[PDB]
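Structure at a glance
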Amino acid sequence: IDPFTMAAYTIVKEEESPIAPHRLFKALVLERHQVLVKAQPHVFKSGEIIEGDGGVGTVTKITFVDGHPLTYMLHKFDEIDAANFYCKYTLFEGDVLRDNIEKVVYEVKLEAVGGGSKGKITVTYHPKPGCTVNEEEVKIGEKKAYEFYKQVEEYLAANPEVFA
Ligand SMILES: COc1ccc2[nH]cc(CCNC(C)=O)c2c1
Ligand SMILES: COc1ccc2[nH]cc(CCNC(C)=O)c2c1
Ligand code: NA
Ligand code: NA
Ligand code: NA
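How each quantity is defined
Residues numbered from 1 in each chain as written, not as in the entry; some residues may be left out. Chains lettered and ligands numbered in written order. Heavy atoms only, no water. Residues with missing side-chain atoms left out of burial classes, pairs and counts. Core = buried A, V, L, I, M, F, W, Y, C linked by side-chain atoms within 4.5 Å. Buried < 20%, exposed > 50% of the residue type's maximum accessible area, 1.4 Å probe, protein only. Helix = DSSP H or I, 4+ residues; strand = E, 2+ residues; numbered from the N terminus. Contact = heavy atoms within 4.5 Å. Near = heavy atom within 4 Å. Areas by Shrake-Rupley, 256 points an atom, 1.4 Å probe, with all protein chains shown as cover. Nonpolar A, V, L, I, M, F, W, Y, C, P; charged D, E, K, R; others polar. Donors = N, O, S within 2.8 Å, 3.2 Å for Na, K, Ca; no water.

**Thoughts on the nonpolar core**
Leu28, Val29 and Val104 are the most contacted members of the largest nonpolar core, which totals 34 residues. Those elements that provide at least two residues to this core are α1 (21-30), α2 (32-39), β3 (59-64), β4 (72-81), β5 (86-94), β6 (101-113), β7 (116-127) and α3 (135-158). Sort the elements by how many residues they give to this core and α1 lands first, with 6 residues. Beyond its immediate sequence surroundings of up to four residues, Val104 is in contact with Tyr89, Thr90, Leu91, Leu97, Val123, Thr124 and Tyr125.

Next comes the structure, spelled out in structure tokens:
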């Protein structure tokens, strides 16, 4: 990428759901660390806030089960506007970043539409300088994120009290 110092690569996705936005904002953003463990206990050992109160500045730690190739991830809540279902958060540490990635930055913005939602999600990979993004790992991340979203949607539809 010379003469550049660094690069950033972005995926933009738009989605629609029958789940109301405040419920998705909790399940998929603010309490994702908890919900991953509930949804996929054979993959995730634990998910915990290790700094902060659940608003801006929070750091979470998600730990995979010992048998899984991956070990842990740290995310930081960089910006939250909960009234308007906006969050920016960053995956800044963990062996899911492999050798090549410095951080992944996520932006989520939801809106209410009838009894459901629409959302825009923006995922930006920041390779370390001199390193290249691995397309395989990006596509796995995307597929797993989508699968998890669908699991959450199904559970929330079936259990209206959750995150109500
Ligand atoms: C969404 O939940 C899952 C479930 C199973 C999984 N396996 C491996 C990953 C990590 C995927 N990479 C990133 C950057 O997310 C994963 C995530
Ligand atoms: C307890 O709270 C929650 C909250 C959000 C959730 N999403 C998913 C599940 C679990 C069940 N899912 C399956 C079998 O696919 C879940 C539980
Ligand atoms: Na959908
Ligand atoms: Na592991
Ligand atoms: Na992704």
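Anyway, onward from the coordinates.
**Brief notes about the site of ligand 1**
Taken together, 14 residues surround ligand 1, and among them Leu36, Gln40, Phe44, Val96 and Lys144 come closest. About the coverage of ligand 1: the protein hides 87% of its 420 Å² of free accessible area. For the shell around ligand 1, the elements supplying multiple residues, two or more each, are α2 and α3. When residues in the shell around ligand 1 are grouped by element, the largest group, 4 residues, is from α3. Residues belonging to the shell around ligand 1 are distributed by class as follows: 9 nonpolar, 3 polar and 2 charged.

**Some details on the coordination of the sodium ion (ligand 4)**
The sodium ion (ligand 4) binds to the protein through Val65 (O), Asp66 (O), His68 (O) and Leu70 (O), with metal-donor distances spanning 2.3 to 3.2 Å. Donor residues binding the sodium ion (ligand 4) come from one chain and are separated in sequence as V-D-x1-H-x1-L. The exposure class assigned to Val65 is partly exposed, which follows from its relative accessible area of 23%.

**A look at the environment of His75**
Of note, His75 is situated in strand β4. Overall, the relative accessible area of 10% leaves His75 in the buried class. For the pair formed by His75 and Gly116, sequence separation is 41 residues and the distance between their alpha carbons is 27 Å. In this view, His75 contacts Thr58, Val59, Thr60, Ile62, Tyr89, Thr90, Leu91, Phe92 and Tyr106; residues no more than four positions away in its chain are not counted.

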